[PDB]
Amino acid sequence: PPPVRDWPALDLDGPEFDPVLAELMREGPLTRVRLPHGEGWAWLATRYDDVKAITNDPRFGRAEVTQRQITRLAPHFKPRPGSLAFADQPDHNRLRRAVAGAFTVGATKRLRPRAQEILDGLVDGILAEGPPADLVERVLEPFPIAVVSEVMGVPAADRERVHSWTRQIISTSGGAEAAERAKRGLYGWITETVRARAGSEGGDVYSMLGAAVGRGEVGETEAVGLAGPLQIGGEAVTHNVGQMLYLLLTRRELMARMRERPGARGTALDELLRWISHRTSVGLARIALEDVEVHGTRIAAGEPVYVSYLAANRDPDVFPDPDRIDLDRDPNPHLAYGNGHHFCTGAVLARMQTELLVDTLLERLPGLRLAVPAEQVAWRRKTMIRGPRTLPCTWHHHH
Ligand code: HEM
């Protein structure tokens with residue numbers, strides 16, 4: 001059995017691959033890791049084939065994780081009922097069916113025009129005020145929240161209440177207790193919002209959810225846990241695109257390639273998704289439910305195991321010269337959105353936003369460049385999702 005390896009919290013103000021994770025990928029297909037918080041250790045799968053398998057093995061469950069204190073990145077661990085993340089079948093399917101209809105390909109295309117308008121409105125503002133602008137604050141953070149709220153069904157006077165609260169995603173750390181305070185507000189709002197609508201119609205997430213509760217399909221108590229993650233989910237788009245833009249802004253050649261292929265950025269965006277280190281650590285582990293062996297290692301029942309989609313996305317057997325951003329790849333089967341039944345609920349929605357963002361920013365901010373040296377951009381620390389805290393930019397305004 002392999003020796004327990006410590007995996008400290010990453011402190012790197014850049015998009016570079018975590019050297020600690022690299023050192024693990026080369027130690028073997030499976031390694032035991034100990035994260036900053038929680039108890040003990042857990043197995044870690046680095047091979048694409050192994051990740052894709054475990055991620056799809058009925059023998060590994062998520063529900064059990066809620067019953068323990070598996071080594072994790074954060075010190076705070078309080079699972080909620082209704083969580084898609086911690087849902088095993090048949091509950092997972094039950095829960096998702098109540099909201100899935102709002103995130104389908106069709107719903108997303110229907111939504112695109114409204115999203116473009118919301119995005120153009122945000123871009124109008126910075127163009128009107130003039131050059132100096134922090135794109136994270138003025139575009140990457142508010143755009144997703146506005147679109148998701150649209151999908152969720154937030155009224156109008158509630159928009160600012162929900163946005164402000166959601167800001168509990170923090171810009172790194174503006175408190176902690178203030179984070180639990182804000183959720184005590186947002187979650188109470190979700191519960192009440194859902195209580196009402198309990199019988200109403202509309203493809204609306206909160207509407208549909210409230211309707212599903214009135215029929216005892218996804219009973220109350222499960223509302224917050226099921227919907228919270230969705231309402232806050234936009235943060236992933238904010239930081240993943242912040243990273244994409246950072247690369248475009250610090251590696252001029254990438255910006256150039258991007259600018260030369262309007263209407264054909266599909267492979268470029270998927271290559272950035274494959275290469276970008278989206279998270280600072282591993283997400284939620286899965287629990288062995290019946291003593292299994294993987295890629296030559298034996299995992300005893302009850303033992304936890306994390307998969308690394310990042311490491312997987314760099315597997316030399318699936319992606320030749322994995323550390324190079326060559327864009328245009330063959331199909332490119334990266335696992336940026338996960339795999340299995342826990343595949344990202346908002347993948348399609350997140351993609352539509354990403355494409356709008358990149359297309360609209362490149363066309364509407366002529367001569368876009370960082371307004372400060374990249375070295376001056378600090379990154380999010382002590383949190384799951386990685387990315388630039390700010391992105392000070394400037395662009396052509398006038399003679
Ligand atoms: C490009 C931006 C995004 C990326 C890279 C991303 C990535 C991921 C990943 C890697 C997982 C974990 C899958 C697993 O459990 O193995 C996940 C789960 C999830 N994501 Fe995202 N996500 C993004 C955007 C979003 C958005 C915008 C939403 C909300 C509409 C969202 C909602 C969720 C939910 C609800 C889950 C839990 C799914 C489940 O366990 O069934 N994600 N995402």
Side-chain angles (χ1 to χ4, degrees), residues 12-16 112-147 171-172 234-278 324-329 350-380 385-399:
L12 200 181
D13 286 325
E16 297 77 14
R112 194 190 305 166
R114 177 93 187 81
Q116 173 68 85
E117 180 48 53
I118 288 179
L119 182 55
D120 276 322
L122 289 167
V123 172
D124 288 345
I126 56 174
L127 281 174
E129 304 178 14
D134 171 9
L135 298 182
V136 171
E137 172 190 62
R138 295 298 294 274
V139 180
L140 304 184
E141 176 263 54
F143 171 65
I145 293 178
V147 170
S171 64
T172 252
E235 123 180 63
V237 172
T238 293
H239 298 304
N240 198 81
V241 182
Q243 294 218 52
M244 297 186 165
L245 297 197
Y246 181 92
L247 289 176
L248 258 38
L249 296 158
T250 56
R251 306 189 192 185
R252 53 178 317 216
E253 56 132 308
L254 292 188
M255 177 60 96
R257 250 75 286 162
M258 203 58 93
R259 280 188 175 291
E260 303 179 302
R261 61 186 69 184
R265 288 159 181 160
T267 65
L269 293 176
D270 273 311
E271 174 66 343
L272 292 185
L273 280 169
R274 178 194 72 74
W275 194 92
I276 287 173
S277 296
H278 186 64
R324 184 168 65 90
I325 299 172
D326 101 78
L327 306 185
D328 315 302
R329 280 186 185 267
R351 175 55 171 234
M352 182 269 298
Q353 300 183 215
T354 296
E355 308 186 327
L356 279 183
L357 283 158
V358 181
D359 279 355
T360 299
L361 296 167
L362 291 180
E363 77 131 299
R364 294 243 272 150
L365 295 176
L368 181 67
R369 286 176 72 104
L370 273 164
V372 300
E375 154 191 303
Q376 284 183 44
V377 178
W379 290 50
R380 330 179 70 217
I385 303 171
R386 227 215 280 192
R389 295 182 65 184
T390 66
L391 273 180
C393 292
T394 186
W395 56 84
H396 297 326
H397 185 284
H398 272 308
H399 2 302

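Computed over heavy atoms, backbone and side chain alike; hydrogens, waters and symmetry mates excluded. For reference, positions follow the sequence shown, starting with 1.
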Looking at every heavy atom in both [X] and [Y], which two are closest together, and how far apart are they?
X    : Y    : value
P144 : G234 : CB-O, 3.5 Å
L362 : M258 : CD1-CG, 3.5 Å
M255 : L248 : CB-O, 3.2 Å
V139 : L119 : CG1-CD1, 3.8 Å
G14  : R386 : O-NH1, 2.9 Å

Any heavy-atom pair between the side chains of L273 and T354 that's under 4.5 Å? no
Side chains of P373 and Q376: closer than 4.5 Å at any heavy-atom pair?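 Yes, close enough: below the 4.5 Å cut-off.
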How would you list, by chain and number, every residue that makes a ring-ring contact (aromatic ring centres under 6.0 Å, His included) with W379, sequence neighbours excluded?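 Only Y246 meet the ring-ring contact (aromatic ring centres under 6.0 Å, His included) criterion with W379.
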ring-ring contact (aromatic ring centres under 6.0 Å, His included) against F143, all qualifying residues, sequence neighbours excluded: none
I'd like to check the side chain to side chain donor-acceptor pair (under 3.5 Å) partners of [X]; sequence neighbours left out, ordered by chain and number.
X    : answer
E253 : none
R251 : none
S277 : none

Which salt bridge (charged side-chain N to carboxylate O under 4.0 Å, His left out) pairs, counting each pair once, include a residue from residues 369-380, with sequence neighbours left out? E235-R380
Do any pairs count as a salt bridge (charged side-chain N to carboxylate O under 4.0 Å, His left out) and have a residue in residues 264-274, sequence neighbours left out, and if so which ones?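 Those involving residues 264-274 are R265-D359, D270-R351, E271-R274, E271-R329.
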Hey, could you give me each pair passing side-chain hydrogen bond (donor to acceptor under 3.5 Å, both in side chains) that has a residue in residues 128-138? Not counting sequence neighbours.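 Matches after skipping sequence neighbours: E129-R138.
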Which distance, rounded to the nearest 0.5 Å, do you find between the [atom1] of [X] and the [atom2] of [Y]?
X    : Y    : atom1 : atom2 : value
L327 : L269 : CG    : CG    : 9.0 Å
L122 : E117 : CG    : CD    : 10.0 Å
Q353 : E355 : CD    : CD    : 11.0 Å
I276 : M244 : CD1   : CE    : 4.5 Å

Hey, mind stepping through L245 and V136 against side chain to side chain contact (heavy atoms under 4.5 Å, CB included) and telling me if it holds? CA-CA 10 Å; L245 297 197; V136 171; over 6 Å; no
Taking it one step at a time, do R261 and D328 satisfy side chain to side chain contact (heavy atoms under 4.5 Å, CB included)? CA-CA 11 Å; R261 61 186 69 184; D328 315 302; 3.1 Å; yes
Side chain to side chain contact (heavy atoms under 4.5 Å, CB included) partners for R364, two or more places apart: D120, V123, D124, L127, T360
Side chain to side chain contact (heavy atoms under 4.5 Å, CB included) against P132, all qualifying residues, sequence neighbours excluded: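 Side chain to side chain contact (heavy atoms under 4.5 Å, CB included) list for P132, sorted by chain: empty.
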Can you list everything that forms a salt bridge (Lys or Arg N to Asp or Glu O under 4.0 Å) with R252? Sequence neighbours excluded, please. none
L254 and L249: side chain to side chain contact (heavy atoms under 4.5 Å, CB included), yes or no, with the steps? CA-CA 8 Å; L254 292 188; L249 296 158; over 6 Å; no
Check residues 387-399 and write down every donor-acceptor pair under 3.5 Å in which the side-chain atom is one partner and the other belongs to a residue at least two apart or another chain.
from	atom 1	to	atom 2	distance (Å)
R389	NE	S171	O	3.4
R389	NH2	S171	O	2.8

Would you check, one step at a time, whether the test side chain to side chain contact (heavy atoms under 4.5 Å, CB included) holds for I385 with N240? CA-CA 8 Å; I385 303 171; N240 198 81; over 6 Å; no
